[PDB]
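Undergrad: Could you have a look at this structure, given as structure tokens, before my questions?
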Amino acid sequence: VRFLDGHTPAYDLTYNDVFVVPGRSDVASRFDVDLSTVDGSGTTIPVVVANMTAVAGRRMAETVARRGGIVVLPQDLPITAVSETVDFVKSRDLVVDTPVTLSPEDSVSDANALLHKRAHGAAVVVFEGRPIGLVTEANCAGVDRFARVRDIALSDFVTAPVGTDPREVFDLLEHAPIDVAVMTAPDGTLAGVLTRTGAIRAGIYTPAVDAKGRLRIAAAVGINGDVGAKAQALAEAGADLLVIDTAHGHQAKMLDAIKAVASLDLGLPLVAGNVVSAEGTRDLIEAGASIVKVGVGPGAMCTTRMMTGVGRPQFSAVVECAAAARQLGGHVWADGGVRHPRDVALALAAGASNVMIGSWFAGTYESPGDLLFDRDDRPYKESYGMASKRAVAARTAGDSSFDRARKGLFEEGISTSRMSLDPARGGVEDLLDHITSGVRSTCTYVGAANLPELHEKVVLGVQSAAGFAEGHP
Amino acid sequence: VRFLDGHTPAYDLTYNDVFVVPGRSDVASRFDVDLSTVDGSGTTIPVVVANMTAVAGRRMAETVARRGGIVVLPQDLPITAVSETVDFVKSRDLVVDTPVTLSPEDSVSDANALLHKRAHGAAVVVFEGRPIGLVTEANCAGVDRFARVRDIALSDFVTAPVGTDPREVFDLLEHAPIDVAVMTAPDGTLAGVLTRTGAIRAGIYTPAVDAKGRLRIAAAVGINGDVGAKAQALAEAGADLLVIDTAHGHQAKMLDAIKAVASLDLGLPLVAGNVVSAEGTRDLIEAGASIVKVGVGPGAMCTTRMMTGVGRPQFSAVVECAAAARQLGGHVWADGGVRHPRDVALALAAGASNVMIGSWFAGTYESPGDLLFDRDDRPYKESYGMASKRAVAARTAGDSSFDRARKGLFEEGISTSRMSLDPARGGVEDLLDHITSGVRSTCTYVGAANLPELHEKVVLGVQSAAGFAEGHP
Amino acid sequence: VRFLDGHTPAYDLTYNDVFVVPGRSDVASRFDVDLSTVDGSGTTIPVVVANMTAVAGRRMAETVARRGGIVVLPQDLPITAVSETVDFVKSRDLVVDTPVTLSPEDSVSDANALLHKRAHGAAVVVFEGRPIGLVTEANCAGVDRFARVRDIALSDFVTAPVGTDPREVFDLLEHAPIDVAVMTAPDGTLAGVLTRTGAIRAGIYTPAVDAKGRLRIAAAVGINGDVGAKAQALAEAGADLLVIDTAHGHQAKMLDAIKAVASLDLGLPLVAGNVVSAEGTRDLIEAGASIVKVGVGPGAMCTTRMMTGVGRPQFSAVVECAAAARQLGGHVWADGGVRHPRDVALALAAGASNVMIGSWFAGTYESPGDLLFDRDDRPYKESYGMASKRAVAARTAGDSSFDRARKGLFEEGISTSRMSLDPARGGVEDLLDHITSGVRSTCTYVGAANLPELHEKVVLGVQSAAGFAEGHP
Ligand SMILES: Nc1ncnc2c1ncn2[C@@H]1O[C@H](COP(=O)(O)OP(=O)(O)OP(=O)(O)O)[C@@H](O)[C@H]1O
Ligand SMILES: Nc1ncnc2c1ncn2[C@@H]1O[C@H](COP(=O)(O)OP(=O)(O)OP(=O)(O)O)[C@@H](O)[C@H]1O
Ligand SMILES: Nc1ncnc2c1ncn2[C@@H]1O[C@H](COP(=O)(O)OP(=O)(O)OP(=O)(O)O)[C@@H](O)[C@H]1O
Ligand SMILES: Nc1nc2c(ncn2[C@@H]2O[C@H](COP(=O)(O)O)[C@@H](O)[C@H]2O)c(=O)[nH]1
Ligand SMILES: Nc1nc2c(ncn2[C@@H]2O[C@H](COP(=O)(O)O)[C@@H](O)[C@H]2O)c(=O)[nH]1
Ligand SMILES: Nc1nc2c(ncn2[C@@H]2O[C@H](COP(=O)(O)O)[C@@H](O)[C@H]2O)c(=O)[nH]1
């Protein structure tokens, strides 16, 4: 990357320290920019969801993959749950979404709870697999909390067979009272739902699919235990990408795990991390990793800085590591500390092929945690860290229960953070709109038609603390 | 521009980052400074009101031009509404101001709401075009909300013929209970009003007038659609200056827009923006722009930094762009981020010929928005951005409503900020006093007698965060 | 009235002091109760809107009369304004309501301000008298404040010819996105609007109409000046009922005013007030009033108690005055202090034929005042008193500016109180539902099929401060 003349500070830079200078541009429209990645992940937008139990679930995996991202399932997820999750995602339709379903005998109180597991604003009542009506949050108000859903359900709703073009479904919903269109399978049973915004998004985002045309999903593994056997099972379970994840990636045990997995010739892209140095990036690639995950310190759930003083300002870390990886034909994932679209854009400008987002996506309907409301009625969800699941552990074979608590005494605890939902647009797809709208706008400011040109053409500069505060928050 | 020895930071500077070192001065008085601009705008003070619907209305256009500034009508204002505004502004008196007018049959409730559209402190009751009385906020207190204006109006007020010397009107109002002089035409109809402060300001500010002696006014146009026809239409409506405005000015579609307008030979100064680089300043001037508008990021309504990471600290943007425009015989407007008089002074010191002020002026009586009151009953008004009216858009001809919603999903939203009024001096002329009083003081401290001498003689320095904290807020 | 054995307190009673004891009832449902009054007012529900400028506007007069009440126009309204209000009200349809109308050239900012003049939730865009679309508050969000109505209007709306059965119009709106049906005259122009609730209300409420089938309206007159001439003009302007109104009704000047209006033999029912004594009730009836208005002290804008110590608890006042009026074949209106449906029910149980409501109805969309919002955006409007418009004043002939201020020094000021709108249901018709629903339930609890039977069969008891606190607020 190029920095403005004289911008060579005596410190490393975070996302807040830098800005992009616009260049001469012939890229007319935001939609002229190609946001697809070149690192082999298969993502059509530069967004990866972090391997965190607070974020990476079956609903998140489905929703983000349909919009071109990919979700890394958290490590130490039992292999039966992995295969169960993979089969669910890869059986999802590429356009039509999976709705919340209700029994006619479910209570209004139960319906109010389940409605916010998706962003559709309505749930479908099903009897013998067939949709019989729609349930909205409005129908649940002013009625007996334990009245049956059969009573308040709306019988009249827009329906269309699955496979109908999004533009047509969009037109059917124009004068509908409810913005949900129930999609019917060939035999008349429930296929899914498509909303007007969901139909628009189908003509904006390209789904991230495997060779069979099914949604992409990824899995992560720690460097403890038998890493080759675990990675092999994940591959056999259907994962399209593997992530070898640990807190300190520049470590002998991580180099072993990469070689053990690379030697199995699984044929999937191999991500490994995390490191913040060019030396660590090189060693991990030479061990057989095609993609290096970068980030030690910036994570929202990461207390490494205050515990150990170890860390690195993320933007500087991504610049040095992406340069090192590109010299060797590899790629870099910017992992941790992403709070705003500009963070994604700056990480791509810095040379990352993909940006990994964790805590930000906990504050969405589709994240696995329960929807909560703080003192001020504001909706939120809690993000929490993976703790010891990212740490190196000695062999617990033949471990006294004394030793179990001995090793547990020093191990990092699970910290918590409140992630509030946008009171208007609380779905993860709204944040993808947020993110990709910003990055597309960055490319038009830079003069780039795609992500490769963004990193090639970007001009960057450094600002003081008052510099970041320019504009509107 | 000269900086103190060794002040060569490794970053770009905002207005907060710099200060002016006083020089040796023989400039005797604040009033001996000449604030006229040399850029062909015609302003006699370096103040331009931004092309924003939240600020640039006809009341603002009249009031600012009479005091030497100029207002840029926002782009996409219908041409018929442009013509009414220009005709209203150019029919105003150069000394006497247009008051709020009331019918005798208006309700006290309506009168009370209309009083704050101006800063005179009284509205004039009119019958067949002639003044019959004055209405004040105090006359509206304690009366029935729907009593008629005729019952609370004062029939005793100071009156004088239009053209009376401001000095004499000032003396006629010395012992008047109401500080409003009602000015009449020879046939007795209302010509306007003049307060004691308005009489003082006539001897301080030079109106910005056209060749025919009528108040100056500008109009903005976006680079979408037919820019040439729109620009010509604005010229025929009577615009004294054209502003070709877009968020990213350094792109092909702007360069072609400037050329299409320049080749029509409309005979008006052409402004184009926004850019923040020397390369952009040169490319806009080469395409035919006479003035370059500078500012990407600093706008109080601008979310570009947080959305895209794109932007540049405004002070460094102006220094680099003013130098580039000067070598080509051009000029630079400093657009965005002005909150205090020092920002205007520093922008001029950096080499700008003129300073475009936006959201700050929304918090005035004369701005188009309604006067609001917060939880503490403080008066304020909402500023809001122009949003997609500054953005590039592909041709929308024959677009389906699906395609309309598609492009609409990613378009910039209208952000909102609250601009509080000074509970004492809430008129835009009070801000103009504030702004120009400080810019005149800056020149006396520097030793300059005019705006060019300010840029030539200024010595600047860089400070830390604590450096700005010195003094009083 | 009958009181429980031993309930003979040594004090007079407010509405909070008494409770109704259920009796044995054969009344099937609320709808079997006949709520029409027998005092000659013509109301079909026992609701009269007070003669107060904060409440009794033309929109209130139309809305309340269509639902069976009547509105008393405030005294001292110029006779020309009286005539226009009567003509407007008497030209309204008995079923279809008058909507808020907008031009396509109106601003969005003016649109959502005019929307709250009615409870429909939509305004009708009119082009040459023909309905071309609807504007909702949702359409005003997210667009430029000064955009035109043309840009946000919805061209799709349910329409039907005026005179269509309310049940049919109700069905046409079942699946409509907007709950407003645009009613058209045979030539296609806008006849009015009807909502699903508006159609329902047409089957519950009987419009209060004159002999020609036009909506009823009343007007008030003070006892100063030439009362006979004032009352004659109000009758010729079309008033269906006259209210002679003064703070202290038991005085010689009021008795003279009644005899002067009675001797004109205008043929209209004559209300006179206010008194709280049996002797006052008899003297006003014997002077020629057919209805005595009862209430000194309880009005929400009334500061009589704190200024003078004069006043009477309203329940005992009504009980004593209704009984005295009954012996002379007259009727009593309960004027002042109504805050809840219970107060209406208790006033009727006490023997009032009608209940006058003031400040409570100021907190509705249809009241004349502007809609306001407090610190928390909670909607409200201000109610204010009529003050000196209810007071005796000597002839102002030969009044020096000194004499005007002498009499104004002791004049009653205009008291103010904030009446909050119910955030769910802000129209006055929803309060009519609230009021008449409770009064109908009171009748079924007492076993009465109508208002006379309510007063004949009711059993009352007295409670302490803790007794009122029973139940839910
Ligand atoms: N057997 C398991 N052991 C440990 N963690 C599990 C197991 N099964 C699921 N999880 C975790 O529980 C969370 C819930 O995700 P999961 O995929 O089960 O569903 P989801 O996306 O929340 O959707 P739904 O609400 O429909 O179940 C995730 O963090 C997942 O990793
Ligand atoms: N026809 C129109 N279409 C869109 N915007 C308009 C139109 N007419 C005016 N505006 C906008 O409305 C705002 C106020 O315009 P106007 O000319 O009324 O100014 P003003 O000073 O507020 O005048 P006044 O207060 O006397 O009505 C400005 O933002 C202007 O751009
Ligand atoms: N000429 C007048 N003098 C004094 N008070 C008046 C006069 N005309 C109307 N009012 C008062 O103004 C209030 C509103 O009256 P009305 O509803 O007729 O006004 P409007 O302006 O036609 O209504 P809207 O706000 O619905 O347009 C009432 O309190 C009424 O008594
Ligand atoms: N130190 C630490 N880092 C964590 C933990 N859980 C996740 N992380 C890191 O933080 C990243 C997410 O960053 P975020 O998007 O929340 O800023 C993860 O991808 C991972 O690299 C944890 O418990 N401790
Ligand atoms: N990005 C962006 N810039 C805006 C918007 N509205 C106005 N601006 C810019 O900000 C300037 C005004 O800045 P202000 O004086 O309000 O800080 C305008 O002249 C224009 O250049 C908007 O919605 N978005
Ligand atoms: N003392 C007094 N009574 C008033 C005033 N305005 C209205 N009233 C009385 O109060 C009644 C309304 O009572 P409310 O329904 O507001 O409690 C009116 O009908 C009238 O009798 C005022 O300013 N002073």
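We did not get these values from a lab; they are worked out from the coordinates using the rules stated. Please note: Cβ atoms are built from the backbone with ideal geometry, for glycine as well, and neighbour counts cover all protein chains shown.
Undergrad: Which residues, counting only those in the range B:358-397, are free of Cβ contacts under 8 Å to residues at least 60 places away in the same chain and either within 11 Å of ligand 5 (Cβ to nearest atom) or within 14 Å of C:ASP144 (Cβ to Cβ) (or both)?
TA: B:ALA387, B:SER388
Undergrad: Tell me, which residue of the range A:16-33 that is over 19 Å from B:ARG305 (Cβ atoms) and of a type in the set (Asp, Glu) is farthest from the other protein chains (Cβ to nearest Cβ)?
TA: By that ranking, first place goes to A:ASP32.
Undergrad: Within the range A:411-427, identify whether any single residue is among the polar types (S, T, N, Q), surrounded by fewer than 15 Cβ atoms within 10 Å (Cβ to Cβ) and within 16 Å of ligand 1 (Cβ to nearest atom), and answer yes or no.
TA: yes
Undergrad: Could you please find all residues in the range A:269-281 being buried (at least 19 other Cβ atoms within 10 Å of the Cβ) and either of a type in the set (A, V, I, L, M) or out of contact with any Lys or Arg (no Cβ under 6 Å at 6 or more places or on another chain) (or both)? Before the answer, list the steps.
TA: Looking only at the range A:269-281, we keep the residues that are buried (at least 19 other Cβ atoms within 10 Å of the Cβ), and these are A:270-276, A:280-281.
Residues satisfying the conditions are A:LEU270, A:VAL271, A:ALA272, A:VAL275, A:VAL276, A:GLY280, A:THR281.
Undergrad: Wholly within the range A:276-341, which helices (runs of 4 or more DSSP H) include no fewer than the required count, namely at least 1 residues that are in contact with a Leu (Cβ under 9 Å, 6 or more places away or on another chain) and within 14 Å of chain B (Cβ to nearest Cβ)?
TA: In the range A:276-341, the matching helices (runs of 4 or more DSSP H) lie at A:314-327.
Residue by residue, here is whether (1) within 25 Å of the chain's Cα centre (by Cα); (2) farther than 26 Å from C:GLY213 by Cβ holds:
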position: C:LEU4; (1), (2): no, yes
position: C:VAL18; (1), (2): yes, yes
position: C:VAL33; (1), (2): yes, no
position: C:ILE79; (1), (2): yes, no
position: C:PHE88; (1), (2): yes, no
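Undergrad: Sticking with this structure for a sec: When you look at B:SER109, is it of a type outside the set (D, E, K, R) and closer than 22 Å to C:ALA81 by Cβ, yes or no?
TA: Details: of a type outside the set (D, E, K, R): yes; closer than 22 Å to C:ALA81 by Cβ: yes.
Yes.
Undergrad: Taking the conditions exactly as written (farther than 30 Å from A:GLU236 by Cα and among the hydroxyl-bearing types (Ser, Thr, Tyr)), does A:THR206 satisfy them or not? First the steps, then the outcome.
TA: Details: farther than 30 Å from A:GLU236 by Cα: no; among the hydroxyl-bearing types (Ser, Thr, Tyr): yes.
Taking the combined requirement at face value, the residue does not satisfy it.
Undergrad: Which of the residues spanning the range C:20-31 are basic (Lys, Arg) and over 24 Å from the mean Cα position of the chain (by Cα)? Outline the logic, then answer.
TA: Our first condition is that a residue be basic (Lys, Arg); within the range C:20-31, this holds for C:24, C:30.
If the condition is that a residue be basic (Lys, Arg) and over 24 Å from the mean Cα position of the chain (by Cα), then C:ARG24 is the only one that fits.
Undergrad: Just one of A:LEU102, A:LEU114 is surrounded by 23 or more Cβ atoms within 10 Å (Cβ to Cβ), farther than 24 Å from A:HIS434 by Cβ and away from ligand 6 (no atom under 16 Å from the Cβ); which is it?
TA: On the way: A:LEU114 fails: surrounded by 23 or more Cβ atoms within 10 Å (Cβ to Cβ).
Residue meeting the stated conditions: A:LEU102.
Undergrad: Can we say A:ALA208 is closer than 30 Å to A:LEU268 by Cβ and either small (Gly, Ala, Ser) or within 14 Å of chain B (Cβ to nearest Cβ) (or both)?
TA: Details: closer than 30 Å to A:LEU268 by Cβ: yes; either small (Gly, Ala, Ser) or within 14 Å of chain B (Cβ to nearest Cβ) (or both): yes.
For A:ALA208, the condition - closer than 30 Å to A:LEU268 by Cβ and either small (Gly, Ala, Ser) or within 14 Å of chain B (Cβ to nearest Cβ) (or both) - is met.
Undergrad: From the list A:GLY40, A:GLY68, pick out the single residue that is within 19 Å of the chain's Cα centre (by Cα), more than 10 Å from ligand 1 (Cβ to nearest atom), farther than 30 Å from B:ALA405 by Cα and away from every other protein chain (no Cβ under 14 Å).
TA: Just one listed residue meets the conditions, A:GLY40.
Undergrad: Tell me, please, whether a residue that is more than 16 Å from ligand 1 (Cβ to nearest atom), surrounded by fewer than 24 Cβ atoms within 10 Å (Cβ to Cβ), away from every other protein chain (no Cβ under 14 Å) and not β-branched (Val, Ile, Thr) can be found in the range A:237-245. Talk me through it step by step, then tell me what you get.
TA: Here is the first cut: in the range A:237-245, the residues more than 16 Å from ligand 1 (Cβ to nearest atom) are A:240-242, A:244.
Next cut, surrounded by fewer than 24 Cβ atoms within 10 Å (Cβ to Cβ) only: none.
Looking through the range A:237-245, none of the residues is more than 16 Å from ligand 1 (Cβ to nearest atom), surrounded by fewer than 24 Cβ atoms within 10 Å (Cβ to Cβ), away from every other protein chain (no Cβ under 14 Å) and not β-branched (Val, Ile, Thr).
Undergrad: I'd like to verify a number: residues in the range C:367-393 that are closer than 25 Å to C:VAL243 by Cα and either more than 16 Å from ligand 6 (Cβ to nearest atom) or in contact with a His (Cβ under 8 Å, 6 or more places away or on another chain) (or both), how many?
TA: Within the range C:367-393, the subset closer than 25 Å to C:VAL243 by Cα is C:367-369, C:382-393.
From what is left, the residues that are either more than 16 Å from ligand 6 (Cβ to nearest atom) or in contact with a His (Cβ under 8 Å, 6 or more places away or on another chain) (or both) are C:392.
The total comes to 1.
Undergrad: Let me ask something else about it. Among the listed residues B:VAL271, B:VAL296, B:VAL292, identify the single one that is of a type in the set (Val, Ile, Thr) and over 20 Å from B:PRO46 (Cβ atoms).
TA: Numbers: B:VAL271 fails: over 20 Å from B:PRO46 (Cβ atoms); B:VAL292 fails: over 20 Å from B:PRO46 (Cβ atoms).
Answer to the selection: B:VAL296.
Undergrad: Identify all residues within the range A:129-158 that are within 23 Å of A:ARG59 (Cα to Cα) and surrounded by fewer than 19 Cβ atoms within 10 Å (Cβ to Cβ); write none if there are none. Quick ask: steps written out before the conclusion?
TA: Initial filter on the range A:129-158 (within 23 Å of A:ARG59 (Cα to Cα)): A:129-131, A:133-137.
Residues satisfying the conditions are A:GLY129, A:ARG130, A:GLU137.
Undergrad: Filter the range C:1-18 for residues that are in contact (Cβ under 8 Å) with a residue 40 or more places away in the chain and either small (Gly, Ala, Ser) or within 21 Å of C:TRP360 (Cβ to Cβ) (or both) and give the result.
TA: Correct list: C:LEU13, C:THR14, C:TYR15, C:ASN16, C:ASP17, C:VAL18.
Undergrad: Got a number for residues in the range B:159-194 being at positive phi and surrounded by 17 or more Cβ atoms within 10 Å (Cβ to Cβ)? Walk me through how you get there before you give the answer.
TA: Quick first cut of the range B:159-194, residues at positive phi only: B:163, B:188, B:192.
Next, from what is left, pick out any that are surrounded by 17 or more Cβ atoms within 10 Å (Cβ to Cβ): B:192.
Number of matching residues: 1.
Undergrad: Shifting gears a bit: With (1) over 18 Å from A:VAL355 (Cα atoms); (2) part of a loop (DSSP other than H, G, I, E, B); (3) in contact with a helix residue (DSSP H, G or I) (Cβ under 9 Å, 6 or more places away or on another chain); (4) within 12 Å of chain B (Cβ to nearest Cβ) as the list, and A:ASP12 as the residue in question, which single condition is left unmet?
TA: Every condition holds for A:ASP12 apart from (4).
Undergrad: Please go through the range B:389-408 and pick out each residue that is surrounded by 15 or more Cβ atoms within 10 Å (Cβ to Cβ) and over 30 Å from B:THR44 (Cβ atoms).
TA: Of the residues in the range B:389-408, the ones surrounded by 15 or more Cβ atoms within 10 Å (Cβ to Cβ) are B:389-393, B:402-403, B:405-407.
Within the range B:389-408, B:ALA391, B:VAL392, B:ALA393, B:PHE402, B:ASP403, B:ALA405, B:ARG406, B:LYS407 meet the criteria.
Undergrad: From C:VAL319, C:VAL338, C:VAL344, C:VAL332, which residue is in contact with a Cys (Cβ under 8 Å, 6 or more places away or on another chain) and surrounded by 16 or more Cβ atoms within 10 Å (Cβ to Cβ)?
TA: On the way: C:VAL319 fails: in contact with a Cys (Cβ under 8 Å, 6 or more places away or on another chain); C:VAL338 fails: in contact with a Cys (Cβ under 8 Å, 6 or more places away or on another chain); C:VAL344 fails: in contact with a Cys (Cβ under 8 Å, 6 or more places away or on another chain).
Within the list C:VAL319, C:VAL338, C:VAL344, C:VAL332, the selection yields C:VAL332.
Undergrad: Moving to a separate point now. Can you say whether A:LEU77 is within 14 Å of chain B (Cβ to nearest Cβ) and either more than 30 Å from A:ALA141 (Cβ to Cβ) or away from ligand 1 (no atom under 16 Å from the Cβ) (or both), as far as the supplied structure shows?
TA: Working: within 14 Å of chain B (Cβ to nearest Cβ): no; either more than 30 Å from A:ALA141 (Cβ to Cβ) or away from ligand 1 (no atom under 16 Å from the Cβ) (or both): yes.
Criteria not met by A:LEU77.
Undergrad: Sort out for me the helices (runs of 4 or more DSSP H) sitting completely within the range A:368-473 that have 2 or more residues that are among the aliphatic types (A, V, I, L, M) and more than 14 Å from every other protein chain (Cβ to nearest Cβ). Reasoning before the result, please.
TA: Values: elements: A:401-410, A:428-446, A:451-457, A:465-468.
Result: A:401-410.
Undergrad: In the range A:99-115, is there at least one residue being away from ligand 4 (no atom under 16 Å from the Cβ), in contact with a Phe, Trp or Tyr (Cβ under 9 Å, 6 or more places away or on another chain), away from chain C (no Cβ under 14 Å) and closer than 30 Å to A:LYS230 by Cα?
TA: no
Undergrad: Go through the range B:118-148 and count every residue that is more than 14 Å from every other protein chain (Cβ to nearest Cβ) and of a type in the set (A, V, I, L, M, F, W, C).
TA: Summing the residues that are more than 14 Å from every other protein chain (Cβ to nearest Cβ) and of a type in the set (A, V, I, L, M, F, W, C) in the range B:118-148 gives 11.
Undergrad: Could you list, in sequence order, the residues of the range A:21-42 that are farther than 19 Å from A:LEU431 by Cα and in a helix (DSSP H, G or I)?
TA: Answer for the range A:21-42, where residues must be farther than 19 Å from A:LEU431 by Cα and in a helix (DSSP H, G or I): just A:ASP32.
Undergrad: Now for a separate question. Would you mention how many residues in the range B:229-280 are of a type in the set (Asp, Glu), without any contact (Cβ under 8 Å) to a residue 40 or more places away in the chain and either touching a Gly at 6+ places or on another chain (Cβ under 7 Å) or under 24 Å from B:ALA61 (Cβ atoms) (or both)?
TA: 1
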